[PDB]
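Just one chain is shown here, as structure tokens, and it is the form deposited in one PDB entry.
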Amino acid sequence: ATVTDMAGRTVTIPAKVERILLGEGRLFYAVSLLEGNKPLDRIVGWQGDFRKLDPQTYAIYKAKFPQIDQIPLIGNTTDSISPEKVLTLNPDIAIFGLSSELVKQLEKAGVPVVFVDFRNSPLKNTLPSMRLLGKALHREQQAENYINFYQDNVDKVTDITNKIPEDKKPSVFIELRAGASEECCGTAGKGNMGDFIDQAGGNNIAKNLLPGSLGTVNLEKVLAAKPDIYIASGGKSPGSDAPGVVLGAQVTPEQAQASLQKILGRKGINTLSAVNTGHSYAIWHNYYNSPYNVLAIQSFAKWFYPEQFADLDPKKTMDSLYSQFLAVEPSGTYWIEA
């Protein structure tokens, strides 16, 4: 009747769970893997990040499930946020990610809160987080099915990259949300997408530069590091006015390609040998906090070692993920090579 969550807390869970509150909206990605043909049936409220920061995925779900507009928004980042203290939603359980006003309110109101992590250390925590969600939401078989699918598809990569000597690995810099913010070069260090670089057999030039999983590295250090390979992450919508790489469920190959070229033309960045010699790529940013991240691991590996991964097709992996676990068709563009 309890779960131990990813924070190590022990939480009593009701035997029946039908009203789930998503404390971070993009935790919907993880919950979608357990819900089969009825992805929205048990969501009684969600934080605004899914609709506001992933409008493309929201659009694809809305087309198939019009009742998505009836799910109330919480957390004051959109309005639509009709709940403030109005959590008369009668939630059975709420899910958050490891690191806040809403957690404190729920705990005193007696609603069980469960923490997961796909962001800090996805190498260690992606599969435990899915088992925990399967237990807390009473979808254990679905969780086990996904754990096996994920591990099988990571092993396709590590079967090869486990054997590669360290001094034969390309150096890699990933610029998260490239071109979106003012100060340049948010990146991943000891965790987050750094974990994907590691598993794909690359050498993350930021790993020794940051104390934690996410942070900023100044542009002068990126240039001085002279990375073999450059990766930009982003998730902008086609025709958006804010700068950044354009990727997601409604993005075509041509649009993605055209936005990456612009990102690669920024000052400083455009002096990198990786930019000018054909070693530049873009990845969908939301893989930085999603159990779908095996698609980024496979894409990284195929970019780093094209010859050794000629038989590996991340697009087919994504086709399998959707047909086995989801209720929508795959669409759009989630990675691209310059």
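Just so we're on the same page, rigid core means the largest C-alpha set that superposes within 1.5 Å between forms. In case it trips you up, residue 1 is the first one in the sequence shown, and so on.
Asker: Please say, as none, 1 to 3, 4 to 9, or 10 or more, how many residues of the deposited sequence are without coordinates in the interval between residue 141 and residue 142.
Answerer: Nothing is missing.
Asker: With respect to the deposited sequence, is there a break between residue 78 and residue 79 in this entry, and if so is it 1 to 3, 4 to 9, or 10 or more residues, or none at all?
Answerer: Just 1 to 3 residues are missing between them.
Asker: Look up the CA B-factors in the entry and say which stretch, 130-138 or 257-265, has the higher mean.
Answerer: Looking at the record's C-alpha B-factors, the answer is 257-265.
Asker: Report the stretch with the higher mean CA temperature factor, choosing between 87-95 and 111-119 on the basis of the entry.
Answerer: Per the deposited B-factors, the answer is 87-95.
Asker: Among the candidates 198, 155, 166, 175, give the one with the maximum CA B-factor reported in the record.
Answerer: Within the set 198, 155, 166, 175, 166 shows the top C-alpha B-factor.
Asker: Can you pull the Cα B-factors for 57, 276, 293, 299 from the entry and say which is highest?
Answerer: When the deposited C-alpha B-factors of 57, 276, 293, 299 are compared, 276 is largest.
Asker: Mind checking which third residue 336 falls in for C-alpha B-factor across the chain?
Answerer: According to the entry, residue 336 has a C-alpha B-factor in the chain's middle third.
Asker: Taking only the Cα B-factors deposited for this chain, tell me whether residue 42 sits in the lowest, middle or highest third.
Answerer: Middle third - that is where residue 42 ends up once the chain's C-alpha B-factors are sorted.
Asker: Once the chain's modelled residues are ordered by C-alpha B factor and cut into thirds, is residue 106 in the lowest, middle or highest one?
Answerer: As the PDB entry reports it, the C-alpha B-factor of residue 106 lands in the highest third of its chain.
Asker: Among the chain's modelled residues, which third holds the C-alpha B-factor of residue 31?
Answerer: Its C-alpha B-factor belongs to the lowest third of this chain's values.
Asker: Split the chain's modelled residues into thirds by Cα B-factor; is residue 161 in the lowest, middle or highest one?
Answerer: Middle third.
There is another form of the same protein, the form deposited in another entry; it is not shown, and what comes next is about it.
Asker: Can you tell which residue in 152, 140, 254, 220 has its CA shifted by 2 Å or more between the shown form and the other one when the core is superposed?
Answerer: It is 220; the other listed residues stay below 2 Å.
Asker: Examine residue 168 after superposing the rigid core and state whether its CA is displaced by 2 Å or more between the shown form and the other one.
Answerer: The answer is no, as the C-alpha of residue 168 shifts between the shown form and the other one by less than 2 Å after core alignment.
Asker: Taking the rigid core as the frame, does residue 124 move its C-alpha by 2 Å or more between the shown form and the other one?
Answerer: The answer is no, as the C-alpha of residue 124 shifts between the shown form and the other one by less than 2 Å after core alignment.
Asker: Tell me whether residue 87 is among the residues that move between the shown form and the other one (Cα shift of 2 angstroms or more, core superposed).
Answerer: Yes: residue 87 shifts by at least 2 Å between the shown form and the other one.
Asker: Distance change of 3 Å or more between the C-alpha atoms of residue 259 and residue 220 in the other entry: closer or farther compared with this structure?
Answerer: Here the pair is farther apart than in the other entry; there, closer.
Asker: How does the CA gap of residue 92 and residue 86 change in the other entry versus this form, closer or farther, if it moves 3 angstroms or more?
Answerer: Residues converge in the other entry, at least 3 Å closer.
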